[PDB]
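K.L.:
Have a look at this one before I ask anything.
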Amino acid sequence: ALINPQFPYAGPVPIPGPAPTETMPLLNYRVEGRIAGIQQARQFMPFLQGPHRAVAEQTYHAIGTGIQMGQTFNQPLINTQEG
Amino acid sequence: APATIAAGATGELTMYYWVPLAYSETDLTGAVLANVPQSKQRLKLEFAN
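Protein chains in written order, with the entry's author numbering: chain M, 1 to 83; chain J, 150 to 198.
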């Protein structure tokens with residue numbers, strides 16, 4: 001702010017002001033609020049809580065069976081070298 | 150197989166197929182242990198008609 005003498009800035013907005021209204025009042029709000037609809041315990045989703053496999057491992061079962069059977073052919077006898 | 154079989158003719162054909170179990174003569178991947186214990190193998194063949 002600058003004040004300049006001799007033209008000085010009025011020393012106030014004075015008493016000639018026009019009170020325009022008495023509408024100043026905010027009427028307090030008084031209220032009762034009830035949000036009470038029956039609630040049912042459940043919601044349907046496509047899927048909740050699953051941690052789906054991105055790849056599975058290979059998996060398997062097992063079997064064996066049979067017996068011990070055989071047809072054989074042997075090497076001929078040979079002269080013994082030494083000993 | 151004869152390239153063509155003319156009207157009234159009879160042609161003779163020969164075909165061979167190798168049904169593999171083992172991958173090759175040196176790679177036994179896929180081979181089947183069939184020791185003589187009696188549960189049977191089944192080789193099903195459907196021919197032309």
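Where a beta carbon is used, it is the ideal one built from N, C-alpha and C, also for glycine.
1) Please report how far the alpha carbon of J:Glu174 lies from the alpha carbon of J:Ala180, in whole angstroms.
2) Check whether the region 182-190 of chain J and the region 54-73 of chain M touch, using three or more Cβ-Cβ pairs below 8 Å as the test.
3) Please report the distance separating the alpha-carbon of M:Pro14 from that of M:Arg34.
4) Would you kindly work out how many angstroms separate the C-alpha atoms of M:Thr21 and M:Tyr29, rounded to a whole number?
5) Pick from J:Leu177, J:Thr153, J:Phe196: whose alpha carbon is nearest that of J:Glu161?
P.N.:
A quick look at the data gives this:
1) Stepping through the second sequence from its first residue, residue 174 of chain J is reached at position 25. Stepping through the second sequence from its first residue, residue 180 of chain J is reached at position 31. Linking J:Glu174 to J:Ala180 through their CA atoms gives a straight-line distance of about 10 Å.
2) yes
3) Position 14 of the first sequence, counted from the first residue, corresponds to residue 14 of chain M. Position 34 of the first sequence, counted from the first residue, corresponds to residue 34 of chain M. Taking the straight line joining both Cα atoms gives about 52 Å.
4) Looking up residue 21 of chain M in the first sequence gives position 21. Looking up residue 29 of chain M in the first sequence gives position 29. The alpha-carbon atoms of M:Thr21 and M:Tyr29 are separated by roughly 22 Å.
5) As a first step, residue 161 of chain J must be located in the second sequence, where it is residue number 12. Among J:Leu177, J:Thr153, J:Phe196, the Cα nearest to that of J:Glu161 is on J:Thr153.
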